[PDB]
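Shown next as structure tokens: one chain only, the form deposited without ligand GDP.
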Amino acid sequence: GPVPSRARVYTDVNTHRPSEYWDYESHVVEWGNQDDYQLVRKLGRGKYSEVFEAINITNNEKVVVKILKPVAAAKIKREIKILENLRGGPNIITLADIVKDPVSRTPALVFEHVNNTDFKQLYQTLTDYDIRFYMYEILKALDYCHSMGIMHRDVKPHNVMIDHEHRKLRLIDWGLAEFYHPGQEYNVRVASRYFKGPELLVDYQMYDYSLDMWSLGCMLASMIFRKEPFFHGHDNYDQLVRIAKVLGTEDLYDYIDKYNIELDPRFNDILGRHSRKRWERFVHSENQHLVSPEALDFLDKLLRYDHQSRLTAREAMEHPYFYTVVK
């Protein structure tokens, strides 16, 4: 069957921490006062929660309340444990409180509020310098969570909040985040379609932190090339074909051969034969202002089929693309 894999960094983090750190099922939730929060307006609803803007009446400060939908209790204790483990880390959203919602009878997670810049405005107006600056800020959050033995598994632009006036970034939505344990087989049904790594698309379960680096590369490619999304699959199968039209099929077959993966036979009639395209193929007069040889080299080192061959978050921070960013 498939050849096993393990991360090339932070392999041992969870074995050297006390069991209390990663055994989220055993964690006893400390409950706050639901009356401290007055809901103001609904911001959104997803598959797993309803999100509200609220006010903490003990300090008149704005907060965001995520009222979880009735779902596997294991998923909720996992998100809480990850948020508590990462609290105070660089650019990680702060979990302010946990209360029992009186209406839903389910947990409501209370987060610090971010006066976030509209997503469309960020996509349309961030400059070359701003993309480098904010990518460096995302890498601080990713190296922190990876160093803490956690993979986000849902890196995408709507999960990165920016308050552009204050040059403040936060990585949010840790509901798909998981503890990395070497040799563990994970569910491939994670991440959003356009940001799914090849490991998920070929059904390789022994993945690691490097899935987040693929997702980050998809975000960067969309931003620098002005193509939303960069890999625009009609479904999870066509998603791999879209990747193969850029990275080529030969490196894809070498990847599946290395890990002794059996490709779904559904791919035999749709994958075709493609050569790798040079990154300059995607440059045009409307994205030239965001492209540089350092941006392309950095992107090339994130967007690799072999998850073990991608830059780690800490190696990425060393890249020349960031030399211009004030530190």
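In this text, the rigid core denotes the largest set of C-alpha atoms whose superposition between the two forms falls within 1.5 Å. Residues carry their position along the shown sequence, with the first being 1.
A second form of this protein, the form deposited with ligand GDP bound, is not displayed here; the remarks below concern that form.
In this form the binding site remains open, since ligand GDP, overlaid from its pose in the bound PDB entry, puts no atom within 2.4 angstroms of a backbone or C-beta atom. Taking non-hydrogen atoms only, residue 176 approaches ligand GDP to within 4.5 angstroms in the bound PDB entry. Mapping the unseen interface onto this chain, residue 79 counts among the residues with a heavy atom inside 4.5 Å of ligand GDP in the bound PDB entry. Under a 4.5 angstroms non-hydrogen atom cutoff, ligand GDP in the bound PDB entry lacks residue 259 among its neighbouring residues. Although the partner is absent from this view, residue 190 contacts ligand GDP in the bound PDB entry, with a non-hydrogen atom inside 4.5 angstroms. For the candidate spot formed by 68, 75 and 153, every residue has a non-hydrogen atom within 4.5 angstroms of ligand GDP in the bound PDB entry. No residue of 120, 227, 158, 232 other than 120 has its CA displaced by 2 Å or more between this form and the one not shown when the core is superposed. A change of 3 Å or more separates the two forms for residue 74 and residue 181: their C-alpha atoms lie farther apart in the bound PDB entry. Whereas the displayed form keeps them at a certain spacing, the CA atoms of residue 322 and residue 116 lie at least 3 angstroms farther apart in the bound PDB entry.
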